[PDB]
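Asker:
Chains as they are written, first to last, in UniProt numbering: chain A, 212 to 264; chain B, 202 to 252.
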């Protein structure tokens, strides 16, 4: 009876840990994507600055 | 004890559904949270261009 319960617990824990790992790291991925858009415009100022110089 | 372990399994299957959905919802919240924080720079850097 203990074994029958232990195996389902471990089986469900695989999915819970998997989904938690995804959710945990989901923030930094978007932070990278957002910075990707930002940096393009940060250095775009250099182009405009040089053009007036 | 036989009924105990079976009760513990059903509690775990209930737990499973909840934690799974928390994770799904947190991904959505986390995603739009980053955008809300960084939008000031996305606009700020874009405005420095005209300035």
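Quick reminder that beta carbons are idealized off the backbone N, C-alpha and C, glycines included.
Using a C-beta cutoff of 9 angstroms, does residue 263 of chain A count as contacting chain B?
Answerer: no
Asker: Short of 7 angstroms Cβ to Cβ, which residues in the segment 245–261 of chain A face chain B?
Answerer: Hits within the stretch, in order: 245, 248, 249, 252, 253, 255, 256, 259.
Asker: Among the candidates B:250, B:231, B:222, B:229, whose CA atom is the shortest distance from the CA of residue 249 of chain A?
Answerer: B:250
Asker: Look at residue 253 of chain A and residue 235 of chain B and say whether their C-beta atoms are less than 9 angstroms apart.
Answerer: no
Asker: Please state if the CB of residue 221 of chain B and the CB of residue 212 of chain A are separated by a distance shorter than 9 angstroms.
Answerer: Result no, Cβ atoms of residue 212 of chain A and residue 221 of chain B do not sit closer than 9 angstroms.
Asker: Less than 9 angstroms between the beta carbons of residue 225 of chain B and residue 230 of chain A, yes or no?
Answerer: yes
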